[PDB]
Amino acid sequence: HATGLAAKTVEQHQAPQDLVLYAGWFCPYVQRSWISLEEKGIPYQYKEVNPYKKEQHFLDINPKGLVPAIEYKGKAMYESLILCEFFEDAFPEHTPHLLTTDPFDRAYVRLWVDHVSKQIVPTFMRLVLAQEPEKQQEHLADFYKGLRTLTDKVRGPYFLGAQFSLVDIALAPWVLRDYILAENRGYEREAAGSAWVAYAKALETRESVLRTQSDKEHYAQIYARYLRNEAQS
Amino acid sequence: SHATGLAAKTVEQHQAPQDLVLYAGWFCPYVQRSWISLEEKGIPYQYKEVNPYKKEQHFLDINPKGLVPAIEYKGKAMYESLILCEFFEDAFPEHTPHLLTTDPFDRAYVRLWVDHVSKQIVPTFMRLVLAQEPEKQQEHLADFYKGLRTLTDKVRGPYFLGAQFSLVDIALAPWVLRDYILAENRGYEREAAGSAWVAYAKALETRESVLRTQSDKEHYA
Ligand SMILES: N[C@@H](CCC(=O)N[C@@H](CS)C(=O)NCC(=O)O)C(=O)O
Ligand SMILES: N[C@@H](CCC(=O)N[C@@H](CS)C(=O)NCC(=O)O)C(=O)O
């Protein structure tokens, strides 16, 4: 179960609601969708899914079995980024608009969300799973490269500037987890450049992000998560 | 090096300058996705052919990654076919049809299945072209059929959502137009994927906006 401030948030979201969020406290993809709900003040019921003992209703409405998922007005959806966009569409008067209202900026947000999903997050995983120091160093260099492609475009404090957006939300969960890299894979924020130092700090101090954060897990736990993902591959 | 057939007429019809400039390659199925959306929605555009062997400096200036499709609109530029398709919905909100629908849940549903097209079906198709060994080719073809049935399990007909044409259809159509490559070179035939695939491919490749973007066929080279 969730701990820290996240435990407070879970306890405040036990009541039934039209929107049900099927979550895992540990899951960074869930955190993306959870941050969006906390940013926009959308009402939601939080249900904790134990992946080792998934309940039957969850599987009926969500047979692929991933979190996050939602049920809303009797229909179900999954995929963290799709849910983030769905919250924008389905609660149109619940500001902030995390894609902006501007058509080009919305496209630019989607482009850089894609960079997070395609480059940054997969390399984070490959670095955790790299075994030889040489392969670890190669994947760490690639992590820096992918971080720096993004920080080249960060206006500050957030990706678009003052306006928090889905680019920030897509990435923030992995900032919260980068102590794993610092403690086990030779990473330091400073080695990716000062812009990353400042942007990481901005993401991890965002109040919505803090409200979804549990106590730090151990390396063995996340490594176990990645081996389970491999086993489901 | 230029569009042919029906596509050459469409190109000829879009040489005048417009607010929206589409940087295109006639052969590119990703370009076709974005081109189809413009033709569905009646958005004014100017078509510019990018020859990949001699890219204009201005195209590289405003689009350093140098991919097509790309657009220039109001001094700003963007690329990635599906992002452009969503951009057309947002930037031209009164040009119907709304190819992701106007319903929040159905929009998410469309996004989910565009992803399955984008992340599963098209990559498998591409692994099957490049595979050379019976080993990888037999595997990728089986995978390809698996992805098609999974999709046609949800096709309502004539199109993915039913009567309403959508970005799921658009994301896949260019590879329906190209599946003769698989048929002539990799043991593929629509009929092995089920009657539903046969009908849905027919529906996609007879779509007027699709036909407008269709050049003569290329060879396995
Ligand atoms: N692409 C998905 C990834 C979601 C995902 O992989 N979630 C993991 C937990 S972090 C999961 O639910 N795995 C299924 C399981 O452990 O049984 C998304 O963006 O939501
Ligand atoms: N993910 C891109 C793929 C675009 C792509 O690969 N375009 C090819 C043409 S089919 C290209 O421009 N390659 C660069 C070149 O050949 O110069 C999209 O969806 O737009």
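Values below: every heavy atom of this structure, side chains too, minus hydrogens, waters and symmetry copies. Ligands are counted one by one from 1 in listed order, and the atoms in each one are counted from 1 as well. Lettering follows sequence order; numbering is per chain, from 1.
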Exercise. Looking at the rings of A:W174 and A:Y29, which for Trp means the six-membered one, are their centres under 6.0 Å apart?
Worked result: yes
Exercise. With side chains defined as the heavy atoms from C-beta onward, is the minimum distance between A:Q136 and A:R185 less than 4.5 Å?
Worked result: yes
For this session: Could you check if a side-chain atom of A:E71 sits within less than 4.5 angstrom of a side-chain atom of A:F58, using non-hydrogen atoms only?
Result: no
For this session: Heavy-atom contacts with B:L67 under 4.0 Å: which atoms of ligand 2 show up? List them by number with element.
Result: 11 (C), 12 (O), 13 (N), 14 (C)
Exercise. Taking 4.0 angstrom as the limit, do A:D18 and A:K73 come out as a salt bridge?
Worked result: no
For this session: Inspect the contact between A:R110 and B:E80 and indicate whether a charged nitrogen and a carboxylate oxygen are less than 4.0 angstrom apart.
Result: no
Exercise. Within 45° of the six-membered ring axis of A:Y179 and under 6.0 Å from that ring's centre, is NZ or CZ of A:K216 located there?
Worked result: yes
So which protein heavy atom does [atom] come closest to, and at what separation?
atom                    : value
atom 18 (C) of ligand 1 : A:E79 OE1, 3.1 Å
atom 19 (O) of ligand 1 : A:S80 OG, 2.7 Å
atom 16 (O) of ligand 1 : A:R228 NE, 2.9 Å

So is [X] polar-close to ligand 1, meaning N/O to N/O under 3.5 Å?
X      : value
A:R225 : no
A:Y29  : no
A:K54  : yes

For [X], take its heavy atoms, then give the atoms of ligand 1 lying under 4.0 Å from any of them.
X      : result
A:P51  : 15 (C), 16 (O), 17 (O)
A:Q232 : 13 (N), 14 (C), 15 (C), 16 (O), 17 (O)
A:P68  : 20 (O)
A:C27  : 7 (N), 9 (C), 10 (S)

For this session: Starting at CD1 of B:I71, measure out to OG of B:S34 and round the result to the nearest 0.5 Å.
Result: 9.0 Å
Exercise. Out of A:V67, A:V49, A:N62, A:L83, who gets a non-hydrogen atom closest to atom 7 (N) of ligand 1?
Worked result: A:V67
Problem set entry | A:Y22: which of A:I61, A:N62, A:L66 passes side chain to side chain contact (heavy atoms under 4.5 Å, CB included) | A:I61
